[PDB]
Amino acid sequence: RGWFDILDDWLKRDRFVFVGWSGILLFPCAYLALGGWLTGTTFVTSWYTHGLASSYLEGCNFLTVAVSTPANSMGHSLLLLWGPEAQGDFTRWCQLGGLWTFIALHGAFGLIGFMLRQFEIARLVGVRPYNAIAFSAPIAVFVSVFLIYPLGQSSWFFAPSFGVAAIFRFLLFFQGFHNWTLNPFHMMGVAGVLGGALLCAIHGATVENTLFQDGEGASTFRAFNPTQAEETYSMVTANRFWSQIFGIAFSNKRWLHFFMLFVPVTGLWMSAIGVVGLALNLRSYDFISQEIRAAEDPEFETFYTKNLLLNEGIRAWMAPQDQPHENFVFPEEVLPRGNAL
Amino acid sequence: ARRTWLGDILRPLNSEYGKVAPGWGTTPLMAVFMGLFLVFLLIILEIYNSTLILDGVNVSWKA
Amino acid sequence: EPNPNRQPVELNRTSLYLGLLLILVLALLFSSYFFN
Amino acid sequence: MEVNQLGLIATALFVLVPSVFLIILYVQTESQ
Amino acid sequence: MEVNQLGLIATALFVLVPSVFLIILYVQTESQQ
Amino acid sequence: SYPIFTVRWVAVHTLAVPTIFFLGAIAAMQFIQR
Amino acid sequence: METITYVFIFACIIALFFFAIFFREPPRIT
Amino acid sequence: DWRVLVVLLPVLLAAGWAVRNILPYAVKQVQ
Amino acid sequence: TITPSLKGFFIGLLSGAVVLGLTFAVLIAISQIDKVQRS
Amino acid sequence: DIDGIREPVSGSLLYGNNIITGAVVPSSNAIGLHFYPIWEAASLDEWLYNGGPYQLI
Amino acid sequence: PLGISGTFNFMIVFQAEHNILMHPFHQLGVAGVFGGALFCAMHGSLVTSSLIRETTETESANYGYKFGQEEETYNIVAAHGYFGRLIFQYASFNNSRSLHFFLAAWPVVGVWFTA
Amino acid sequence: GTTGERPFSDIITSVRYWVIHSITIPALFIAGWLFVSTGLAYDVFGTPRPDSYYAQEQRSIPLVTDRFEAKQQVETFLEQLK
Amino acid sequence: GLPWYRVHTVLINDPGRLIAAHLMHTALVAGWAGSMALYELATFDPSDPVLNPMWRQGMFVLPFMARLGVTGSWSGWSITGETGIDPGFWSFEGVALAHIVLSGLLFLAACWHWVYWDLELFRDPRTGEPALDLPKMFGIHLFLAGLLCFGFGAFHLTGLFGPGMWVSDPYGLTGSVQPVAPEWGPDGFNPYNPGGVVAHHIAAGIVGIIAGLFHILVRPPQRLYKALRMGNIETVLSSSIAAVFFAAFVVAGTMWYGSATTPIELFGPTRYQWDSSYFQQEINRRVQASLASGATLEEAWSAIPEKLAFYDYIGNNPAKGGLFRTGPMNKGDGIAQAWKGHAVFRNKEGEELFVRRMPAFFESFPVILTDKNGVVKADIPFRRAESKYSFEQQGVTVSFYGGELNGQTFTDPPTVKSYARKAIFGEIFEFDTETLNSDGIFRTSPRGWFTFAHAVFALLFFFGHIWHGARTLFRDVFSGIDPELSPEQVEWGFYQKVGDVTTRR
Ligand code: CLA
Ligand code: CLA
Ligand code: CLA
Ligand code: CLA
Ligand code: CLA
Ligand SMILES: CC1=C(/C=C/C(C)=C/C=C/C(C)=C/C=C/C=C(C)/C=C/C=C(C)/C=C/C2=C(C)CCCC2(C)C)C(C)(C)CCC1
Ligand SMILES: CC1=C(/C=C/C(C)=C/C=C/C(C)=C/C=C/C=C(C)/C=C/C=C(C)/C=C/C2=C(C)CCCC2(C)C)C(C)(C)CCC1
Ligand SMILES: CCCCCCCCCCCCCCCCCC(=O)O
Ligand SMILES: [Fe+2]
């Protein structure tokens, strides 16, 4: 009955918000990630790192506020408040981009905290930890997109900024520079996400429309008792309906619910792998056989060549403003343009 | 099971399955070394990152 | 002196169908990139 | 089209090798 | 040497397809006993 | 007989008091003219 | 050869649909 | 500075007002 | 020689130790008072 | 000729596409919203050029 | 266009001519499919976490369920007790019918909006 | 069951609750309001006021271009503003 | 029966057959190394270490042999360009052969341990069950690792008894294998100080020897034995996978950023040398010095070595490749033959103009020429109708200094334009595109492929750690939860501490 055993008893006391040992990592970091985002989007500029306004105080709205990435000249600096760039000056820290690494790093450890919480709670209640295992895909996405991707590039500047419109800019950057829609790892991610939404909707609708009449009411929600032993819908009727509608159907409820875990989790993992490749500019940008043909045959045109022309427009029209540290000066005459527009 | 000459020579090395020091044993000492290791790794990371800049240490190819 | 740790392995027909579908769709996906 | 000539064998083995694996496991499940 | 390109896939399938047939037949025999 | 100050009490207040401060700050912003 | 490969793989998938539907392990109520 | 104290004064007042209204019940929080 | 960033390094080290120190000090104290009852 | 400007876009595997780049191409902008069944075309060749399969599908 | 690259062309031009990323109905569609994928993983992992022990470790746990059986194969009370503690008690469903209706409704409504 | 805290429905319908929070809430609202109206928020965070984005005749953004001189670059920009 | 994804768990209680499986994996890995090296030797062109080094040729294991001292072939060439050398047995061919032989002996050992699985050494004297004393094994293995680590730093790296390692100048011009003295000071931790690598292995080896001695002699405390499930071999797999993905992330990092162990003469430049114009500056420094000593433009640029100019070219930047653009860099831009010389652009007014260089982000990039002040002065226009800066309007010419074109000047717009299109890539080189049927599209270098593969593997092994970590800790409920789990245990208000049945009411 040492102090460790006593601290363990209090941490694991059953209260309204469970704490646990994992809480000591989780709660400070999550609160500070949250808090830093709300603080930066309300009060802090991106004027000296990006040449942009980015806070409510500057007149942005919920879609255009952001905690933006540090200037490219910071490289991959941790940007510690007490470090060589800000030298303990909080104001300068905000101006140089320190809230971005602040949120990214506290957020990283908060995510670790949350996964640890899933393990800790599962162990105490006596359930298998498949929910912790499922949470590895969001962690893979976050680590690959916010950390690995900028670490392979020139600086933190090219990571996603934390904001709605800033993430849309990120989307479009990845189209015009990486041809990311053409990447089979993203295609697998897309299939996993849309397949997960498909399964979500089809399983809920199927259960809602094969319920047993276990009550007299027209609202069927009151006819379920969480301690009842009986299945609340008919697996047998659901199976026959889908076999005759679609040709096949689930027959094993365990495989069904495992499959629901597997599909979106695997999708996010695949997309994470493609982003790691993009950290190094290892894109699936081109098809060589199409380029060889197209270069030789001015009559050969496909949707592949049409999209490259869009990518080229994106790159040249957005780069000067998007990468102000490069000092791109593009005269009008060099900008690619079709007729009239 | 099958006895061999080499087996007999090695036998004592695989004979204490399950034997433990009582209670917490050397756990306090392990914690100290872990925390020393953390600070150490932190120094190495921050030198590489140029968050920690030491006299005479130029983290560049020109070293 | 048989080894007691040996086990039979199984793959039911549905798993065969699932697995054949995975391999074929993956092939159909990546073949364009293998040909380049 | 000037495609990679090794693309055919890569695709063919990519299909055949894992497929044959699954067939082997399935047929011996059925006969036992 | 300037050899026939299809010679490689011809050789691989020539080896692989009959070999795999035999293995399939062998393994399902062992699991009968 | 319930406690007034709990872990839960700290939890809701670590969120709620900054939120209201922030809303009043954001309200005042609507009147800034350039 | 690449056209033939794409069409072959697609055709194998359609054959798999046929067996997966009409020659499934029948679901048994037991 | 003066701005630091006008931003803090309603917070101090709001904190004092709540402590005076719950002080008997918070002291009864005992052991 | 102590550089400015080495002085910052130590400031971060000490700040981290104090923040962690107050945390476990408060927690061990609360846990010793608000004890779980077994019978 | 998807855009109606006599600039045909190649969409099929036999004309130099792969799985990722191929498509059935939308019908010509010259047609607009007009109905274009096979029997409105002077020939199948006309129908193919102007993207008749897309409407039918 | 009826094609993989053709779809992407359609999306890119759509963005240039309508700023669809900045349209709330598309933002609702993303919440719909992201959230759909999230809740798919959650429901799958929660039911899988609380499967009742019915098999040994040398066989698939899927054989713990028999097609047509009357009893449930997982302990929803255990899943609630886990998930209630991961967040808080009332952020968690204990009514399987309410839970499954939520699974149907969320992605459907979101895809309605983006359509 | 219940983990032992006071039910929320009880607290927010209680008179003592609204007595306490009729004051704390608007005081915090006013404190936030004052934080911006005093101009204190600009100076804490270094956010430009509408007149301090550019000098009067410059059209170039004051982008920081040096990692370790950065704090100094920003200060030099802020003084070309006077 | 077992599902297909569990077949290998028959080894969990079978230490002999576990050893056999581990032997076979080891035989497979050593076999790959020797096979890979033979393939690289059969295809490597040693004739030009200046413009056709190993890293332009897709060589992957060749640089790892060269790094630790293997530099010559039995046919008498060395990768440093020396001829008529006798490397003894430890040539590239001897290393490959030695791994093939080692693979074959491991294959045999695996067969013996598979057949004779029931050795008394593997059974616990008390209980008669298969048992492995994992705490003691860790101490023994840690002790061995420390000895090897010490010996490698003390004898191989120092040259006391061994060859040393690859060291070069800061610009990758003069690398070679040299003994390295340890750097014991704070600069030992500078990843670009090779002496730090020696010092690391000596110090870390001694620590491992001592720690191994501790772990052989001191039992684990009961608290840690229980918490970490030290009687379960899967706990070791879980922690071992964690240390392995940690290591994979570090070597991905040091390969991408550069360190003393990833030299540019073996793996190629980093993308950061392009970003900071690391080579262009040094080139300009030498040119400035020569012009100071009264050399002419031609003399100053002719003094620049080709090897150095070749580094200042974006086709050697590893961030310029593509995921499915396969093979050696020579398959893309061609086999480099010769520096064409440094191109100098001038307008009709005689002012010198500078082509803006392509950043690595861009698959394509316009041609824009600025003056020393960064003012646009010439470009290649897209729309011609209102161009102000065409080469034709501005009278742009190109003159070459050094290299093959030294002293030549071109004035016709079409020719000036094509040289300006190459100058966005950096220095201009003559390429042989026909030998390998090169397609003209940039590929990444071994530095790029290494970094990609290990970052990907590291991320995947994180999932392996989570998976086996959970199976260790939740072993008791791996097949399902308790079929008579009490509702009191899982819903609220009955137990004062979650889980603990001894905290009723
Ligand atoms: C779980 C809580 C937690 C965690 C993990 C972090 C983690 C982090 N914070 Mg955050 N922080 C926290 C709480 C936390 N913080 C709190 C509560 C506050 C409010 C005060 C802050 C305020 C804050 C700011 C303002 C900043 C950070 C920053 C950072 C980063 C750098 C930290 C650093 O260098 O530490 C260094 C210190 C240590 C590693 C502690 C050392 C521990 C001792 C000394 C070990 C000694 C060994 C000893 C011999 C062994 C003893 C054995 C034992 C038995 C006693 C890192 C991402 C920085 C950041 O995000 O920059 C981008 C930054 O600027 N934090
Ligand atoms: C005189 C003594 C001496 C000297 C001069 C050195 C010198 C060195 N040591 Mg050694 N060392 C010594 C004693 C010594 N050592 C002793 C006694 C020990 C204890 C046994 C060690 C243990 C040790 C370890 C464990 C490591 C070194 C490393 C190094 C190198 C550091 C430079 C570098 O590239 O780091 C680069 C490494 C880092 C900057 C640390 C990486 C930290 C990362 C961020 C951890 C987080 C990863 C995370 C899980 C995933 C990230 C996700 C996403 C962000 C990607 C250098 C050769 C490092 C090395 O081998 O590098 C090649 C290393 O990892 N040393
Ligand atoms: C018998 C001795 C022996 C010797 C002398 C060599 C020598 C060589 N091998 Mg071979 N090899 C061997 C056995 C051997 N090998 C075996 C048994 C296998 C099968 C596993 C291989 C598989 C193999 C492959 C796959 C490859 C080589 C390669 C090479 C070359 C480069 C080696 C290198 O970079 O290692 C670098 C090794 C490391 C950096 C390992 C670092 C150790 C980490 C840090 C572990 C840390 C954990 C540790 C327990 C912690 C200690 C704590 C500390 C306090 C002490 C070199 C000629 C390469 C080559 O060129 O092949 C042609 C190559 O790619 N080898
Ligand atoms: C760490 C491993 C590694 C690394 C970094 C390299 C790196 C390199 N090798 Mg070596 N090689 C390796 C392993 C490795 N090799 C192995 C194991 C073999 C034996 C097969 C070889 C055999 C080999 C040969 C024969 C040749 C090379 C060559 C090369 C070079 C060009 C590689 C290239 O074009 O890649 C191309 C890479 C790809 C196209 C990527 C493939 C990944 C795809 C996407 C498959 C993954 C999809 C997966 C199914 C997803 C499933 C989803 C599911 C989980 C749901 C480069 C230096 C070439 C060279 O120039 O040598 C002179 C060359 O000719 N290598
Ligand atoms: C040192 C590494 C290591 C080792 C020894 C093991 C060992 C084991 N794992 Mg773990 N695992 C690892 C890494 C490792 N794993 C990693 C990195 C991951 C993340 C991807 C996993 C994820 C994982 C899961 C999800 C599961 C296991 C399971 C198992 C057990 C059964 C495996 C089996 O029968 O496969 C049989 C596999 C096959 C018959 C074929 C698989 C073919 C794959 C898909 C592609 C082949 C790649 C090819 C051979 C190239 C070699 C890879 C190399 C380049 C790295 C076994 C104890 C299983 C378990 O717990 O059982 C109780 C289980 O369910 N593992
Ligand atoms: C960063 C930092 C820090 C921290 C901080 C913090 C912690 C903060 C927090 C903050 C906060 C915590 C804030 C909050 C805010 C909030 C808000 C701002 C909210 C809002 C909301 C809204 C507006 C909503 C509404 C709505 C809608 C819209 C719809 C429906 C209805 C409702 C009502 C829901 C420190 C100190 C360390 C220092 C350093 C740095
Ligand atoms: C017996 C004997 C012998 C012989 C030996 C030999 C002859 C060996 C060989 C061996 C070898 C020769 C081996 C090899 C191996 C290899 C390997 C092991 C490989 C693997 C691979 C892999 C695994 C890959 C994968 C992949 C792919 C395929 C694709 C891409 C991706 C990846 C990379 C993942 C001697 C006389 C010496 C001695 C006596 C006895
Ligand atoms: C000489 C450099 C200037 C120093 C000025 C002092 C600035 C220090 C700010 C203190 C913030 C401490 C927060 C870090 C605590 C969290 C670290 C951890 O928990 O691991
Ligand atoms: Fe369900």
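Proteins get letters first, then strands, A, B, ... in listed order; numbering begins at 1 in each.
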- Structural part of B:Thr4 lying under 4.5 Å from a heavy atom of chain M: side chain
- Pick whichever of M:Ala131, M:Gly172, M:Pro135 has the most heavy-atom pairs under 4.5 Å with chain B. M:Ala131
- Atom pair CZ (M:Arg126) and OH (B:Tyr17), whose distance is rounded to the nearest 0.5 Å: 8.0 Å
- Query: Contact part of M:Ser276 toward chain B, heavy-atom cut-off under 4.5 Å: side chain, backbone, both or neither?
  - Reply: neither
- Task: Could you tell me which portion of M:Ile216 (side chain, backbone, both or neither) has an atom closer than 4.5 angstrom to a non-hydrogen atom of chain B?
- Result: neither
- Pick from M:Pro191, M:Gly128, M:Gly139, M:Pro194 with the largest number of heavy-atom pairs that fall under 4.5 Å of chain B: M:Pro191
- Of B:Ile43, B:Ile47, B:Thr26, the largest count of non-hydrogen pairs under 4.5 angstrom with chain M goes to B:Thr26
- Task: Indicate yes or no: at least one non-hydrogen side-chain atom of B:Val20 is less than 4.5 angstrom from one of M:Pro221.
- Result: no
- Among residues 27-34 of chain B, which ones touch chain M with a heavy-atom distance under 4.5 Å? B:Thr27, B:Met30
- Query: How far does CD of B:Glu16 sit from CZ of M:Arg219, to the nearest 0.5 angstrom?
  - Reply: 5.0 Å
- Could you tell me which portion of B:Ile44 (side chain, backbone, both or neither) has an atom closer than 4.5 angstrom to a non-hydrogen atom of chain M? side chain
- Task: Please check if the side chain of M:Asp133 supplies one atom and the backbone of B:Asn14 the other of a donor-acceptor pair under 3.5 Å.
- Result: no
- Note on the structure: Greatest number of non-hydrogen atom pairs under 4.5 angstrom with chain M, of B:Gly25, B:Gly7, B:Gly23, falls to B:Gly23
- Output the distance between atom NZ (B:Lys19) and atom NZ (M:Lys136), rounded to the nearest 0.5 Å. 10.0 Å
- Select, from M:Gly188, M:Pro170, M:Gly185, M:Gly253, the one with the greatest count of heavy-atom pairs under 4.5 Å involving chain B. M:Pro170
- Is the shortest heavy-atom distance from the side chain of M:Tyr192 to the side chain of B:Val59 under 4.5 Å? yes
- Note on the structure: Listed by number, the residues in residues 116-125 of chain M that come under 4.5 Å of chain B (heavy atom to heavy atom) are M:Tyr116, M:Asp118, M:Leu119, M:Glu120, M:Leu121, M:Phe122, M:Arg123, M:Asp124, M:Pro125
- Check for a donor-acceptor pair, side chain of M:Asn193 on one end and backbone N or O of B:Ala63 on the other, with a separation under 3.5 Å. no
- Here the gap from B:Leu54 atom CG to M:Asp187 atom CG, rounded to the nearest 0.5 Å, amounts to 9.0 Å
- Query: Would you call M:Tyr171 and B:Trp61 a side-chain contact if the rule is heavy atoms closer than 4.5 Å?
  - Reply: no
- Where does M:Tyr272 contact chain B at under 4.5 Å (heavy atoms): side chain, backbone, both or neither? neither
- Note on the structure: Interatomic distance, CG@M:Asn190 vs OH@B:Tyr48, rounded to 0.5 Å, equals 9.0 Å
- Could you list the residues that satisfy side-chain contact (heavy atoms from CB on, under 4.5 Å) with M:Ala211, not counting sequence neighbours? M:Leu142
- Message: Other residues, nucleotides and ligands only: do more than 12 of their heavy atoms fall within 6.0 Å of CZ on B:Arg11?
- Response: yes
- Who pairs with M:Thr262 by side-chain contact (heavy atoms from CB on, under 4.5 Å), at least two apart in sequence or on another chain? M:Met255, M:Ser259, M:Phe267, M:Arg447
